[PDB]
Every structure is written in C-alpha cells, then in structure tokens.
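Protein chains in written order, with PDB author numbering: chain E, 127 to 186; chain H, 8 to 39, 43 to 115. From the three backbone atoms N, C-alpha and C, an ideal C-beta is built for every residue, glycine too.
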Amino acid sequence: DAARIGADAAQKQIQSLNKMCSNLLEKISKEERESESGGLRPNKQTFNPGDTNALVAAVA
Amino acid sequence: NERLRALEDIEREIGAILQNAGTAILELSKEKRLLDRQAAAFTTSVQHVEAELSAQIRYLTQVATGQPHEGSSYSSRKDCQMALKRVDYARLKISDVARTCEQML
C-alpha cells in the first residue's frame, strides 16, 4: 500500500506534514542556539587586593 | 552540605532533560500537537543543566594546593574513647561489688 490508509493523506501528505514539523523544530532550535550564543564567559568575582595593597597600613 | 544536594539535583535534571528531549523528538517525528512546547522545554532544561554544570565547575577552588582541613578532631575522639572506657570499667567494678553484696546477703 505504501501508506496503509487514504489517498490524499498518503505518504505524500505525511511527508509534507513531517517536513513542516521538522522545519518548525529546526527554526526553534536555531532560535535557541542564537539565544544561547550570547553567553560571553562565566565572569565570576573575588577580592580586590590590587587597591588595598597600596592602601594597606604603613608608618603613616 | 547544600552543594551536594545541588549537584545531585543538577544530575537528575540533566537526566530528565535528556529524557524529555528524546520524548519530544519521538513525538515530533512520529506524525504531524505539543511537540513545539516539548522541544522548547527540553532545550531550556538542557541549557539550564549546562549553566548549572558550568557554575558548579566555576567554584571558589578552596585550596587546590595540598590536603586541606587536616585534622579531624582526633583529640576529641580519643577523649570520648577514654570516657567510654572509664564508664565501662566503672560498670564492671559496680557489677563486681553488687555480686559481692549479693553473696553477702
């Protein structure tokens, strides 16, 4: 039969609907990838000894 | 304490995200409803698991130089052991005195 049911809803229409769903999924995946590509780097934070070193106590 | 539960939840969420991605791909490729929302949720969960893994890997790196937290309160352990031994010896002596008293009466 090659479709087991229907004539207008045969393998042609099934392949068309599958291609439409695949295009929608690929568009969603591309949007997700473009949204996730914005991540530059895991910029953490820590102490700032560069200023306090010169600002450390002294004879003054 | 909380970091262990955090990592466990992150691993469980990564597994659930893999399962959800597989199920969404199956439902979308079976025939052509909620496949779009399923794929969106799967991608979001995968991104969240990746972000959690990156954050856990970007930890403060406590020591990374030598064996840290050296000394697990061994003195207190030995003190507790000696206290238990004292209690046991006192119990043995008390039982001996009780046996002597029972033999007396």
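DSSP, reduced to helix, strand and coil, places E/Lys153 within a helical segment of the structure shown. In this structure, the beta-carbon distance from H/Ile24 to H/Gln66 does not fall below 8 Å. For the 8 Å CB-CB criterion, H/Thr71 and H/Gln48 do not form a contact.
Residue-level contact check: H/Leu33 does not touch chain E, since none of the beta carbons of chain E fall below 8 Å from its beta carbon.
Against chain E, a Cβ distance below 7 Å from H/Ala49 picks out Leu151 and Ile154. Listed in chain order, the non-local C-beta contacts of H/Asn27 below 8 Å within the same chain comprise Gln48, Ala51, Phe52 and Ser55, local neighbours out to five positions each way being set aside. Listed along the chain, the chain E residues whose CB falls inside 9 Å of the CB of H/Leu45 are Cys147, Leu150 and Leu151.
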